[PDB]
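J.: Before anything else, here's the structure in question.
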Amino acid sequence: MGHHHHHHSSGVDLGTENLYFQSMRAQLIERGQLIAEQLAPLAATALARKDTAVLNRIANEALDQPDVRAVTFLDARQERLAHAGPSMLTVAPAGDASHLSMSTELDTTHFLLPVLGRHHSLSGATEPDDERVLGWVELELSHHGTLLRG
């Protein structure tokens with residue numbers, strides 16, 4: 001629901017605008033200020049268009065919450081972009097919203113880990129690298145739009 005606005009902004013114009021409000025401001029601006037200005041949804045549009053670039057950040061902040069079932073993201077290169085929920089994220093102690101996020105940045109590559117994805121053949125990003133990722137993405141959670149917490 002991005003609508004009309006002033007426009008002409010894209011993202012951060014100083015390198016530390018998001019840092020005042022955590023990765024939550026980074027991901028809200030990264031999608032909402034690409035679509036319009038500070039009004040379009042963070043996850044609903046990003047999942048519909050399959051933009052794993054921002055789906056990583058919103059997963060490690062919002063799919064990391066105790067209401068969530070399961071999520072994962074990987075490209076053709078055998079690189080995990082993200083992972084969240086109890087069976088995907090090995091570093092999920094749960095119990096908090098975002099404050100549990102101790103060390104689960106993009107540096108958490110797929111590598112030689114003991115688990116990956118949901119061991120499925122193909123689901124989520126059936127589209128090629130022209131969307132964002134060709135490998136796969138899992139999606140299992142509440143219908144979004146806020147007001148839904150464990």
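The way I read the labels, and the way they are meant: chains A, B, ... in the order of the structure tokens, residue 1 as the first residue of every chain, and ligand 1 as the first ligand shown, with later ones counted on from there.
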Running DSSP on the backbone, which parts of chain A land in helix (DSSP H, G or I), as a PyMOL selection string?
T.: chain A and resi 18-35+44-48+52-63
J.: At what distance in Å, to one decimal, does CA of residue 83 (chain A) lie from CA of residue 123 (chain A)?
T.: 15.1 Å
J.: Which polymer residues have any atom within 9 Å of an atom of residue 82 (chain A), counting only C-alpha atoms, with same-chain residues fewer than 6 positions away left out, as a list in words?
T.: residues 52, 55, 56, 57, 59, 60, 71, 72, 73, 74, 89, 104, 105, 106, 108, 109 and 110 of chain A
J.: Based on the selection just made, write N, CA and C atoms of those residues as a PDB file, in the first residue's frame.
T.:
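Saved as part.pdb:
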ATOM      1  N   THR A  52      14.803 -12.207  -1.841  1.00  0.00           N
ATOM      2  CA  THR A  52      15.638 -12.796  -0.768  1.00  0.00           C
ATOM      3  C   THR A  52      16.635 -11.809  -0.149  1.00  0.00           C
ATOM      4  N   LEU A  55      14.342 -10.328   2.304  1.00  0.00           N
ATOM      5  CA  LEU A  55      13.771 -11.486   3.001  1.00  0.00           C
ATOM      6  C   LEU A  55      14.744 -12.055   4.048  1.00  0.00           C
ATOM      7  N   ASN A  56      16.058 -12.040   3.796  1.00  0.00           N
ATOM      8  CA  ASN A  56      17.081 -12.366   4.800  1.00  0.00           C
ATOM      9  C   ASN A  56      16.953 -11.515   6.081  1.00  0.00           C
ATOM     10  N   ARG A  57      16.930 -10.181   5.954  1.00  0.00           N
ATOM     11  CA  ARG A  57      16.901  -9.276   7.110  1.00  0.00           C
ATOM     12  C   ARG A  57      15.600  -9.454   7.898  1.00  0.00           C
ATOM     13  N   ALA A  59      13.647 -12.014   7.875  1.00  0.00           N
ATOM     14  CA  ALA A  59      13.652 -13.341   8.477  1.00  0.00           C
ATOM     15  C   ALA A  59      14.425 -13.367   9.806  1.00  0.00           C
ATOM     16  N   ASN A  60      15.663 -12.874   9.825  1.00  0.00           N
ATOM     17  CA  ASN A  60      16.491 -12.866  11.036  1.00  0.00           C
ATOM     18  C   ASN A  60      15.983 -11.913  12.147  1.00  0.00           C
ATOM     19  N   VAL A  71      11.596 -21.143   8.247  1.00  0.00           N
ATOM     20  CA  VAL A  71      12.024 -20.378   7.056  1.00  0.00           C
ATOM     21  C   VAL A  71      13.506 -20.631   6.719  1.00  0.00           C
ATOM     22  N   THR A  72      13.867 -20.558   5.432  1.00  0.00           N
ATOM     23  CA  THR A  72      15.220 -20.831   4.899  1.00  0.00           C
ATOM     24  C   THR A  72      15.370 -20.219   3.516  1.00  0.00           C
ATOM     25  N   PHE A  73      16.592 -19.863   3.111  1.00  0.00           N
ATOM     26  CA  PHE A  73      16.886 -19.232   1.815  1.00  0.00           C
ATOM     27  C   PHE A  73      18.289 -19.616   1.327  1.00  0.00           C
ATOM     28  N   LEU A  74      18.438 -20.001   0.054  1.00  0.00           N
ATOM     29  CA  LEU A  74      19.715 -20.413  -0.548  1.00  0.00           C
ATOM     30  C   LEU A  74      19.730 -20.166  -2.064  1.00  0.00           C
ATOM     31  N   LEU A  89      17.350 -22.682  12.169  1.00  0.00           N
ATOM     32  CA  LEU A  89      18.363 -21.844  12.812  1.00  0.00           C
ATOM     33  C   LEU A  89      18.888 -22.563  14.059  1.00  0.00           C
ATOM     34  N   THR A 104      23.761 -13.931  13.914  1.00  0.00           N
ATOM     35  CA  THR A 104      23.093 -14.622  12.790  1.00  0.00           C
ATOM     36  C   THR A 104      23.029 -13.724  11.544  1.00  0.00           C
ATOM     37  N   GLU A 105      24.154 -13.069  11.250  1.00  0.00           N
ATOM     38  CA  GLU A 105      24.339 -12.188  10.088  1.00  0.00           C
ATOM     39  C   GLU A 105      24.634 -12.993   8.800  1.00  0.00           C
ATOM     40  N   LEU A 106      24.809 -12.308   7.660  1.00  0.00           N
ATOM     41  CA  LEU A 106      25.112 -12.903   6.343  1.00  0.00           C
ATOM     42  C   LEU A 106      26.402 -13.746   6.325  1.00  0.00           C
ATOM     43  N   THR A 108      26.958 -16.099   8.258  1.00  0.00           N
ATOM     44  CA  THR A 108      26.454 -17.447   8.576  1.00  0.00           C
ATOM     45  C   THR A 108      26.102 -18.194   7.281  1.00  0.00           C
ATOM     46  N   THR A 109      27.132 -18.484   6.478  1.00  0.00           N
ATOM     47  CA  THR A 109      27.051 -19.187   5.184  1.00  0.00           C
ATOM     48  C   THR A 109      26.687 -20.666   5.380  1.00  0.00           C
ATOM     49  N   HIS A 110      26.224 -21.323   4.314  1.00  0.00           N
ATOM     50  CA  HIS A 110      25.783 -22.731   4.319  1.00  0.00           C
ATOM     51  C   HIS A 110      26.888 -23.713   4.753  1.00  0.00           C
TER      52      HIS A 110
END
J.: Produce a table with one row for each residue of region 47-108 of chain A that has an atom at most 9 Å from any atom of region 9-24 of chain A, each row naming the nearest atom pair and its distance in Å at one decimal; use only C-alpha atoms; arrange rows by chain and rising residue number; format as CSV.
T.:
residue,atom,partner,partner_atom,distance
A:57,CA,A:23,CA,7.0
A:58,CA,A:24,CA,7.4
A:61,CA,A:24,CA,7.0
A:62,CA,A:24,CA,8.7
J.: For C-alpha atoms, I'd like the residues from the last selection saved as a PDB file, in the first residue's frame.
T.:
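Once everything was written out, this is selection.pdb:
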ATOM      1  CA  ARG A  57      16.901  -9.276   7.110  1.00  0.00           C
ATOM      2  CA  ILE A  58      13.139  -9.577   7.876  1.00  0.00           C
ATOM      3  CA  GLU A  61      14.354 -10.158  12.835  1.00  0.00           C
ATOM      4  CA  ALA A  62      10.634 -11.124  12.311  1.00  0.00           C
TER       5      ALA A  62
END
J.: Taking the DSSP secondary structure from the backbone, can you list the residues of region 21-125 of chain A that are strand (DSSP E or B), as an NGL selection string?
T.: :A and (70-75 or 79-84)
J.: Keeping only N, CA and C atoms, write the selected residues as a JSON list (two decimals), in the first residue's frame.
T.:
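Result saved to selection.json:
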[["chain", "number", "residue", "atom", "x", "y", "z"],
["A", 70, "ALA", "N", 8.84, -21.91, 10.53],
["A", 70, "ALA", "CA", 10.04, -22.33, 9.77],
["A", 70, "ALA", "C", 10.32, -21.44, 8.53],
["A", 71, "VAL", "N", 11.60, -21.14, 8.25],
["A", 71, "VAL", "CA", 12.02, -20.38, 7.06],
["A", 71, "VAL", "C", 13.51, -20.63, 6.72],
["A", 72, "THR", "N", 13.87, -20.56, 5.43],
["A", 72, "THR", "CA", 15.22, -20.83, 4.90],
["A", 72, "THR", "C", 15.37, -20.22, 3.52],
["A", 73, "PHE", "N", 16.59, -19.86, 3.11],
["A", 73, "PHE", "CA", 16.89, -19.23, 1.82],
["A", 73, "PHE", "C", 18.29, -19.62, 1.33],
["A", 74, "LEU", "N", 18.44, -20.00, 0.05],
["A", 74, "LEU", "CA", 19.71, -20.41, -0.55],
["A", 74, "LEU", "C", 19.73, -20.17, -2.06],
["A", 75, "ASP", "N", 20.89, -19.77, -2.60],
["A", 75, "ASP", "CA", 21.11, -19.61, -4.05],
["A", 75, "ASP", "C", 21.84, -20.82, -4.67],
["A", 79, "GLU", "N", 25.01, -21.28, -1.22],
["A", 79, "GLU", "CA", 25.15, -20.23, -0.21],
["A", 79, "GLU", "C", 23.77, -19.97, 0.42],
["A", 80, "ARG", "N", 23.65, -20.19, 1.74],
["A", 80, "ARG", "CA", 22.47, -19.80, 2.52],
["A", 80, "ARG", "C", 22.50, -18.29, 2.73],
["A", 81, "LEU", "N", 21.44, -17.61, 2.30],
["A", 81, "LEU", "CA", 21.24, -16.19, 2.57],
["A", 81, "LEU", "C", 20.67, -15.98, 3.98],
["A", 82, "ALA", "N", 19.85, -16.92, 4.48],
["A", 82, "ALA", "CA", 19.18, -16.85, 5.78],
["A", 82, "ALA", "C", 18.50, -18.17, 6.18],
["A", 83, "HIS", "N", 18.02, -18.21, 7.42],
["A", 83, "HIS", "CA", 17.41, -19.36, 8.08],
["A", 83, "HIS", "C", 16.85, -18.93, 9.45],
["A", 84, "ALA", "N", 15.64, -19.38, 9.80],
["A", 84, "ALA", "CA", 14.93, -19.01, 11.04],
["A", 84, "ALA", "C", 13.81, -20.02, 11.37]]
J.: Considering only C-alpha atoms, can you say which of A:96, A:51, A:30, A:37 comes closest to residue 130 (chain A)?
T.: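 Nearest candidate to residue 130 (chain A) out of A:96, A:51, A:30, A:37: A:51.
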J.: Can you work out which one of A:44, A:100, A:91, A:112 has the shortest atom-to-atom distance to residue 65 (chain A), counting only C-alpha atoms?
T.: A:100
J.: Counting only C-alpha atoms, which residue out of A:97, A:36, A:43, A:28 sits closest to residue 150 (chain A)?
T.: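 Between A:97, A:36, A:43, A:28, the residue approaching residue 150 (chain A) most closely is A:97.
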J.: Name the residues in contact with residue 124 (chain A) at a cut-off of 9 Å, using only C-alpha atoms, excluding same-chain residues fewer than 5 positions from it; report them as a PyMOL selection string.
T.: chain A and resi 50+136-139
J.: Now that the selection is made, can you save its residues with C-alpha atoms as a PDB file, in the first residue's frame?
T.:
ATOM      1  CA  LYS A  50      10.686 -13.300  -4.026  1.00  0.00           C
ATOM      2  CA  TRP A 136      15.383 -22.567  -2.849  1.00  0.00           C
ATOM      3  CA  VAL A 137      13.372 -20.805  -0.087  1.00  0.00           C
ATOM      4  CA  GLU A 138      11.096 -22.220   2.643  1.00  0.00           C
ATOM      5  CA  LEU A 139       8.068 -20.218   3.943  1.00  0.00           C
TER       6      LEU A 139
END
J.: Just to confirm, what's the straight-line distance from CA of residue 107 (chain A) to CA of residue 41 (chain A) in Å (one decimal)?
T.: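 Straight-line distance from CA of residue 107 (chain A) to CA of residue 41 (chain A) works out to 26.2 Å.
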J.: Give me the residues within 12 Å of residue 93 (chain A) as a VMD selection string, counting only C-alpha atoms and dropping any in the same chain fewer than 5 places off.
T.: chain A and resid 64 to 66 84 to 87 98 to 103
J.: Within 8 Å of residue 38 (chain A), counting only C-alpha atoms, which residues show up once you throw out same-chain ones fewer than 6 positions away? Write them as JSON, numbers by chain, please.
T.: {"A": [2, 28, 29, 32]}
J.: Residues as selected, N, CA, C and O atoms, written as a PDB file, in the first residue's frame, can you do that?
T.:
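And here is the file that came out, out-v4.pdb:
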ATOM      1  N   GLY A   2       1.945   1.279  -0.780  1.00  0.00           N
ATOM      2  CA  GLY A   2       2.952   2.352  -0.834  1.00  0.00           C
ATOM      3  C   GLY A   2       2.399   3.730  -1.223  1.00  0.00           C
ATOM      4  O   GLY A   2       2.857   4.736  -0.686  1.00  0.00           O
ATOM      5  N   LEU A  28      12.865  -2.203   6.669  1.00  0.00           N
ATOM      6  CA  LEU A  28      11.665  -1.407   6.368  1.00  0.00           C
ATOM      7  C   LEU A  28      11.944  -0.378   5.270  1.00  0.00           C
ATOM      8  O   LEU A  28      11.150  -0.240   4.341  1.00  0.00           O
ATOM      9  N   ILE A  29      13.078   0.324   5.346  1.00  0.00           N
ATOM     10  CA  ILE A  29      13.487   1.301   4.325  1.00  0.00           C
ATOM     11  C   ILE A  29      13.901   0.597   3.024  1.00  0.00           C
ATOM     12  O   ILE A  29      13.397   0.969   1.966  1.00  0.00           O
ATOM     13  N   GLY A  32      10.431  -0.565   1.536  1.00  0.00           N
ATOM     14  CA  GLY A  32       9.370   0.452   1.520  1.00  0.00           C
ATOM     15  C   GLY A  32       9.750   1.735   0.784  1.00  0.00           C
ATOM     16  O   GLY A  32       8.883   2.370   0.188  1.00  0.00           O
TER      17      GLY A  32
END
J.: Identify which of the residues A:3, A:49, A:31, A:8 lies closest to residue 126 (chain A), counting only C-alpha atoms when measuring atom-to-atom distances.
T.: A:49
J.: Here is a test: counting only C-alpha atoms, which residue of A:125, A:140, A:88, A:145 is nearest to residue 40 (chain A)?
T.: A:145
J.: Of the candidates A:33, A:131, A:143, A:90, which shows the shortest atom-to-atom distance to residue 113 (chain A), using only C-alpha atoms?
T.: A:90
J.: What gap, in Å, lies between CA of residue 121 (chain A) and CA of residue 133 (chain A)?
T.: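 Distance between the two atoms: 15.2 Å.
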